[PDB]
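In: starting from these lines, generate the structure:
(chains A, B and C, ligands or ions: 6)
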Amino acid sequence: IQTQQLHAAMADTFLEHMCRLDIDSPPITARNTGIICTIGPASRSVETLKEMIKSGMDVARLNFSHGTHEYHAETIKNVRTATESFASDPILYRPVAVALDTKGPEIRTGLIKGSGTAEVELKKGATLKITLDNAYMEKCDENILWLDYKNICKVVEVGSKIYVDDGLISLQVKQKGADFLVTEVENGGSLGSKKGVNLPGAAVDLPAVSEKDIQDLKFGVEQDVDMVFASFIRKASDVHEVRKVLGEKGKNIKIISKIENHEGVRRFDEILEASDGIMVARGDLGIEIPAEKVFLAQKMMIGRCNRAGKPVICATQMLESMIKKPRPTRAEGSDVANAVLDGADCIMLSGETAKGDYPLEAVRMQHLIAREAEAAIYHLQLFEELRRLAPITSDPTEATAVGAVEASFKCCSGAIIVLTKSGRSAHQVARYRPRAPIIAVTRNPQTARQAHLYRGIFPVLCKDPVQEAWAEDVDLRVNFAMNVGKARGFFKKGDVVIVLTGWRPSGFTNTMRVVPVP
Amino acid sequence: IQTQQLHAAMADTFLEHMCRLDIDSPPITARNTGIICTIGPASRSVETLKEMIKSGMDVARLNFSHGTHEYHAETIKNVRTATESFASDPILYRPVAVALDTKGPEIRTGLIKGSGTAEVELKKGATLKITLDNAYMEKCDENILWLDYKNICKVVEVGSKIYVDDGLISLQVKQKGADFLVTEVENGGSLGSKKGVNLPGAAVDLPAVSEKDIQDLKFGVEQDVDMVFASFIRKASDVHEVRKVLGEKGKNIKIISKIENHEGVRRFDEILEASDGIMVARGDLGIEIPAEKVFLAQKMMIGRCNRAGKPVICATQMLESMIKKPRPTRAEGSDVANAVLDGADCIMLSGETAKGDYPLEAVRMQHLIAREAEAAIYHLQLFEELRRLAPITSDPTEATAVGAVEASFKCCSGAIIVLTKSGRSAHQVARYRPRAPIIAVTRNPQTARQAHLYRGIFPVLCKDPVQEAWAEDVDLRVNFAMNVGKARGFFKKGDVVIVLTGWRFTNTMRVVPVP
Amino acid sequence: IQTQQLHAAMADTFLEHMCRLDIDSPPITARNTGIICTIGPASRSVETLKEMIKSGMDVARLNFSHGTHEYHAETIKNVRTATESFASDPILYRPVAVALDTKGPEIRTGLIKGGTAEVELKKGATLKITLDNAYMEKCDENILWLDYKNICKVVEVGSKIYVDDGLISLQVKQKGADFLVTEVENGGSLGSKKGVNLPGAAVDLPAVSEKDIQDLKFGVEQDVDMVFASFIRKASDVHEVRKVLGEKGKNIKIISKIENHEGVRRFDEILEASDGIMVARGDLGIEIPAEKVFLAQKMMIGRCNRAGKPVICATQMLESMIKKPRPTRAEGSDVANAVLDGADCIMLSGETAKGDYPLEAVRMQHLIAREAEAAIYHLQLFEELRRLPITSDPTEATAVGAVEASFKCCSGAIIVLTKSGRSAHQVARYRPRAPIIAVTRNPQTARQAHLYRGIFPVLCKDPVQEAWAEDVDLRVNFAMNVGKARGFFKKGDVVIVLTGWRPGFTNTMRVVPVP
Ligand SMILES: O=C([O-])C(=O)[O-]
Ligand SMILES: O=C([O-])C(=O)[O-]
Ligand SMILES: O=C([O-])C(=O)[O-]
Ligand SMILES: [Mg+2]
Ligand SMILES: [Mg+2]
Ligand SMILES: [Mg+2]
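Out: Numbers count the residues shown, from 1 in each chain, chains lettered A, B, ... in the order given. Ligands and ions are numbered 1, 2, ... in the order given. Take a look at the structure below.
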């Protein structure tokens, strides 16, 4: 029995490729898909974070929809303490990125009357009056509901749908009153305090970057975060408002645009051009559009990002039941697998790691599934199509990278070793989706952390001083990657790896060697 | 914003096909993927079953792991009452099949000290002793657990892992004592009564068809069920035993083999050729094999069933969260869409329809998702592959079927209408996975009910008596299909459809306008 | 072994398709590529023409660059006598088409002085060219007359001039007041009334000369089936020919001959205006560098296949058979690769008009074309042809359904009932392996069907029936008998039958066993 689905890899049709997928064909040790973990009460402590990292966390996500700067500053410090606790052995050190997820133009309800911790029951068919009068902002109940978007009545009409609390409650407007927004409860259910509101289709006029988002983004610059997940990006100019707030100081912070409503889907191309990457934010997306269409937008966005060479993240509810249970549902297992099969660079955990009872188990499961799914990719067709859908180029670095990927398929390489200052050389390889892991050796700490955005890049940070004679410094960076691979089980002595290097001291990568492991 | 993802249909690469998927491209009205609903307390009533059918239920599954013959007989009559409640309008009548899912070689624990509602906590690292002694069968607690598999000790050894309650609790064998199988709790969890036990990697020597299974199968023959879902099929031998029990009286009942353990995957090809169809039984399968590997087995089995032209069902936890909530998670929506993309003929609901609070909404969600995913199939590549990975016939019906599918892709027709007595002609069309719905006109009611196992077949049961003129009896059945398709919104007057009939072998194809 | 290269037919790659081509896999009896023969002194006797027909000739080409109307009228008369000599058995009768190949804008030298002897032109020698008619019968090695009075306006010092199928080349050395002056580059025996090419000159001769008008109107009176229009440079040339043919000749097919650089460059607009194309490699290889002709041939055949219009590969396919009874290996290669390229027809000129082995050359083209037809990689060809979209047109959908079915059941033929030919043409455009037996009652339809690959046209002279169903079966049975007599299939084989249903067009396909 061959390993890593290599028998299905040789199938001449996609149908026969499926027929050959073999549960007794073990995957390789390396896992190429990045795992982004939302950090929260269940995962904040240094000790848990050390375990989170050992279980495979690549990026810590902080959701500024909730929490104070004090809280998030402590979280980040704990993330950094846990991460740096492994620095004592640079062979086994893994950089861990920090990601700031903005609140964005959220609409929220007020507090339920009383203590504010209660819920009230909305009954199917009942009337619910929405009010903007702040006298009710802490007096919400089943008859009068307050919410924080003051211009709501200007963007809805009789017949407009309104969803509350993750889309669990639906209302249809039946009167725009003088002091009222009168609705009927279409889907009833329990209503707590400060729940999310979606106005599907409505031209919501909240700013893309609010005064609160400006504070969080500046805070993110001060805290040296590696990326921003910008909530509710509707258009290319929304990305500009994030970018100008990040300013010159934040010029190297990646802006991942979160697509979560119909306008963002419709304007995806202009958004993708303006962004450093994309998040398929399926939570709001499946409220904003019919939930049965989310997989279309997911596959469209992943496909276009692979085509553009830009990082794409699949997010929200992929292991949801593991908030309460130690094992995932069969739908959750196949959802993680299919996100990798679609071509997602990273997958994400929100409540599973932020507040659930089984954060470590959830991280470990994404690790296990992604590694199985990575072997089950039909590389033959994928690589054929990525080359064909790619231009011809005067760029030798492009030609070197595609040559390296092609060679790595031919000799079933244990890795592709790339020396890179900015990441670009490693990113160029990853865009061709080799099956071998891409060990990117860099001395730039930010490059190393940001590399998790790209499928297959295993970033190793070299802290050794620069060697005189650049020939000797190229070696002992290759050798550093050789020792990481052996220590991690990616390959052993006598295996073949591919090594990408330049011709002199950034963008001079032009040399591929097919090199045995010493 | 075009229709039914036809822009994505035109793409020259799968990557560009993905890039072209369009949330503003609306699917056709017809939904090709069959929906199987497990019936239970939440869905047993004639009132609910009528709504189940209205929401899109095609097959009623009865799980004989639980319940009595008297109980199941009442469920079955309710299904037929609700189904026939629509039989007065043959233009809108939908056949509903009945499926019997056997118990099979299940292992169960006993009752917690007291009731079936009591639970105890099992703590990580604690000792738990398993007993086969019936003195303990109603005195299970945190130290002693009874299960009903009398021979378990001759099948495990020290170091073996034992899973309880959907694999949520795991134990490791530490000693094989004289009266007690003593284990250490590995995964802690609350343990109730009568929970399923799994023994991955053990040669479980329970009979494939037990004495309970025989009387359930004979009952199914008496009750005129359309198909059997046979649990824990491990080898072709097991299928033959089910077919033997069904006997001559049940020779037309379809046997779907449920693949839920390692041996059934390893022996899949021989199980498939012995079987009429396959169920990817993901619940147990995910406990028997590492859960991260299930999608491999799912795609392997769907691919091989597509290759063989046999029905395949994807089952278990597709919309699990809708047992308690009125909308699925995003993983659940994705799971359903991807099963259809994978090529499954049918998708299934178990707890969502049997006992949860939103059985109707779960059926409607599978209906909505399946239909969106059917349009998102990359038919260009799929039709090319099914043709190449298919033998050369000499069979005139096979050639007519593939030509009809080819023609239907060319003239983007509203349906393929086929007159079939046995179903075979429609099955041969469905095996090539046309985009267009297949309206199979039959007078055989069992053919009508069993047609749901095949993707795309909309069975319509002609109740008219036969006309003397065969040429006129053909037109009467064809025009009945035209009225069905117009009443249901599949196409309208002037649209183009494909019509498959015989010469008094289904061997003639007509491209005709809807009148 | 397998037959008709079916083992190579199911290869997954073109490379493996080549690897499986098998000299021991014999082809089917039917030959799909049309054979066009230039009728001339070696081939216009009634008795020879009978043997041409029996050897495989489908179209008689008459080259109006030479001969008088009276001479050509007799040739047409003899062709029709030979052809109708087989009408006494309607089952073995093959329609034979008559094609009129125009003179077009030719340039010709005058007569060698007497008495058509030849003079030797020597490399390096001087040769004066005159336009003075005083010299038109006194050409020799020193002075040569030609009939293009405006030649001095379109050439210059340095211009190259080619005489006698490009075998003799001259370079212009001065333009005198009278007598252009020239040096011989390639020497050779110069005979009388030889053809002249001026590659890259704006030769302003009319597309349709007064002589062409007479010849075209002669063609109408003689009821010819098609016109091969020489030296078509642009769409408006095609329009000129069509206008001269006018209303009386409106059913005559116009095949444009692509013979120079301008015709290649403007190919698309010429193809659009034309009924089909001839790759006139003789002139074309003088007008453009000979090493580029295969580029223009493959381009033109590819675009004609893409457009569904007939294309003829012509000139020097079996040249050495003018004098020897066997072709060279390049000639065998040339014919095969023309068929593999996709040519609807292949042509003979001197091999049949004036050579010593006209029958052997016809038979060689028949033998090669049939081997090459089996070697076509139909899997790729059909996939790619299909990939061009699904039009509402139900005749198109039926045609592609029939071709797909014919691949599936390896049918002995596709039988098509057609008045105008169109349904049969639509089938041929998808290039089935099986022969297409087009049953028509129109004799011109039957003769023009030869322009489309694979159409074996049969002329039904049985009377119409009042019962449409009976009239269909009569014509289908006639095609069955034709196929049985010709060895295409036999009792028990399977054929595909394309018909209309109650005439109102071709929307019915049946997969039918041969009785
Ligand atoms: O904000 C998110 O992550 C979402 O909606 O999925
Ligand atoms: O038996 C079943 O249905 C399962 O385990 O999924
Ligand atoms: O006219 C022709 O036959 C040629 O030039 O090949
Ligand atoms: Mg969101
Ligand atoms: Mg089970
Ligand atoms: Mg010529």
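In: can you tell me the SS state at the closest residue to ligand 3 within chain A?
Out: Relative to ligand 3, the nearest point of chain A is residue A:392 (37.9 Å; CB to the nearest ligand atom). No exception for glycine: its C-beta is placed from N, CA and C like everyone else's. With DSSP: H, G, I helix; E, B strand; the rest coil as the basis, the three-state label of residue A:392 is coil.
In: any idea how far residue B:465 is from it?
Out: Plainly put, residue A:392 is 70 Å away from residue B:465 if you go by CB to CB, to the nearest Å.
In: and residue A:496, by the same measure?
Out: Residue A:496 is 75 Å from residue B:465, by CB to CB.
In: neighbour count for those two, which is higher?
Out: With other CB atoms under 10 Å in any protein chain shown as the criterion, residue A:496 and residue B:465 differ in neighbour count, and residue A:496 comes out ahead with 18 against 7.
In: show me where the stretch 351-500 of chain A has helices.
Out: Ranges of helices within the stretch 351-500 of chain A are A:351-354, A:359-376, A:379-388, A:396-410, A:424-430, A:445-450, A:470-474, A:478-488, based on DSSP state H, counting those that start in this stretch.
In: the first one close to ligand 1?
Out: In other words, helix A:351-354. No: if you take CB under 6 Å from any ligand atom as the test, helix A:351-354 misses ligand 1, and the best it gets is 10.3 Å.
In: circling back to that earlier point, ok, which of the helices of the stretch 351-500 of chain A comes nearest ligand 5?
Out: helix A:359-376 (21.3 Å; CB to the ion).
In: next, the angle strand B:181-187 makes with the closest one.
Out: For helix A:359-376 against strand B:181-187, the angle by axes from the mean of the first three to the mean of the last three CA atoms, to 10 degrees is 90 degrees.
In: other SSEs contacting helix A:359-376?
Out: If contacts are counted by 3 or more CB pairs under 8 Å, 6 or more residues apart in numbering or on different chains; DSSP states H and E, helix A:359-376 sits against strand A:34-38, helix A:46-55, helix A:330-342, strand A:346-349, helix A:351-354, helix B:294-308.
In: so which elements touch the third one?
Out: Pointing back at helix A:330-342 there. helix A:294-308, strand A:346-349, helix A:359-376, helix B:282-288, helix B:294-308, helix B:330-342.
In: again, only using 10 Å
Out: helix A:294-308, strand A:312-315, strand A:346-349, helix A:359-376, helix B:282-288, helix B:294-308, strand B:312-315, helix B:330-342 (3 or more CB pairs under 10 Å, 6 or more residues apart in numbering or on different chains; DSSP states H and E).
In: can you check the second one too?
Out: If you count contacts as 3+ CB pairs under 10 Å, 6+ apart, helix A:46-55 packs onto strand A:34-38, strand A:59-63, helix A:69-84, helix A:351-354, helix A:359-376.
In: same check on the first one?
Out: For strand A:34-38, the contact count by 3+ CB pairs under 10 Å, 6+ apart identifies helix A:46-55, strand A:59-63, strand A:97-101, strand A:312-315, strand A:346-349, helix A:351-354, helix A:359-376 as packing neighbours.
In: using CSV, list the CA coordinates for the fourth one.
Out: Taking C-alpha atoms only, strand A:312-315 is exported to CSV below (Å, rounded to 0.1, in the frame of the first residue of the first chain):
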residue,chain,number,x,y,z
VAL,A,312,-7.4,32.8,1.7
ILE,A,313,-8.9,31.8,5.1
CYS,A,314,-11.9,29.6,5.6
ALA,A,315,-13.6,30.6,8.9
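In: and that strand, is it in reach of ligand 1?
Out: Yes: under the criterion of CB under 6 Å from any ligand atom, strand A:312-315 makes contact with ligand 1 via residue A:315.
In: so who does the residue in the stretch 151-300 of chain A that ligand 2 sits nearest to touch?
Out: Distance from ligand 2 to each residue of the stretch 151-300 of chain A (CB to the nearest ligand atom) is smallest for residue A:295, at 22.4 Å. Contact partners of residue A:295, counting by CB atoms under 10 Å, 6 or more residues apart in numbering or on different chains, are A:280, A:282, A:286, A:335, A:338, A:342, B:21, B:23, B:330, B:333-338, B:340-341, B:369, B:372-373, B:376.
In: repeat that for 7 Å
Out: Counting by CB atoms under 7 Å, 6 or more residues apart in numbering or on different chains, residue A:295 makes contact with B:333-334, B:337, B:373.
In: isn't residue A:483 up against residue A:91?
Out: Yes: assessed by CB atoms under 7 Å, residue A:483 is found in contact with residue A:91 at 5.5 Å.
In: rewinding a little: export the helices and strands packed on helix A:359-376 as CSV, with columns for distance to ligand 4.
Out: Shown next, in CSV, are the helices and strands packed on helix A:359-376 (distance: least, CB to the ion, whole Å):
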stretch, distance to ligand 4
strand A:34-38, 12
helix A:46-55, 22
helix A:330-342, 17
strand A:346-349, 11
helix A:351-354, 12
helix B:294-308, 26
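In: got the contact list for residue A:26?
Out: Contacts for residue A:26 were tallied using CB under 7 Å, 6+ apart; they are residue A:3.
In: my bad, should have said residue A:436
Out: A:408, A:413-416.
In: got the contact list for residue A:165?
Out: Contacts of residue A:165 (CB under 7 Å, 6+ apart): A:191, A:195-196.
In: then residue A:419?
Out: Counting by CB under 7 Å, 6+ apart, residue A:419 has contacts A:441, A:474, A:477, A:500-502.
In: so which of those are also by chain B?
Out: Near chain B, taking CB under 7 Å from any CB of the partner chain as the test, no member of those is found.
In: what is the nearest of these to chain C?
Out: residue A:500 (31.1 Å; CB to the nearest CB).
In: export the helices of the stretch 351-500 of chain A to a markdown table and tack on distance to ligand 3?
Out: Listed next are these as a markdown table, based on distance: least, CB to the nearest ligand atom, whole Å:
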| stretch | distance to ligand 3 |
| --- | --- |
| helix A:351-354 | 76 |
| helix A:359-376 | 57 |
| helix A:379-388 | 39 |
| helix A:396-410 | 45 |
| helix A:424-430 | 53 |
| helix A:445-450 | 66 |
| helix A:470-474 | 64 |
| helix A:478-488 | 64 |
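In: how far away is the residue of the stretch 151-300 of chain A closest to ligand 2 from ligand 5?
Out: Separation of residue A:295 from ligand 5 (CB to the ion, to the nearest Å) stands at 27 Å.
In: phi, psi of the residue in chain A positioned nearest to chain C?
Out: Residue nearest to chain C within chain A: residue A:12 (4.7 Å; CB to the nearest CB). Backbone torsions for residue A:12, taken as degrees, to the nearest 10, come to phi -80, psi -20.
In: spatially nearest residue to it, not counting backbone neighbours?
Out: residue C:12 (4.7 Å; CB to CB, 6 or more residues apart in numbering or on different chains).
In: what about that neighbour, distance to ligand 1?
Out: Distance, residue C:12 to ligand 1, by CB to the nearest ligand atom, to the nearest Å: 42 Å.
In: now do stretch A:255-274: everything it contacts.
Out: A:200-201, A:227-236, A:239-240, A:242-243, A:275-281, A:284-285, A:288-289, A:297, A:301, A:304-305, A:308, A:310, A:313, B:23.
In: ok, now with 6 Å
Out: Contacts with stretch A:255-274, where a contact means CB atoms under 6 Å, 6 or more residues apart in numbering or on different chains, come from A:227-236, A:239, A:242, A:275-279, A:281, A:284-285, A:288-289, A:297, A:308, B:23.
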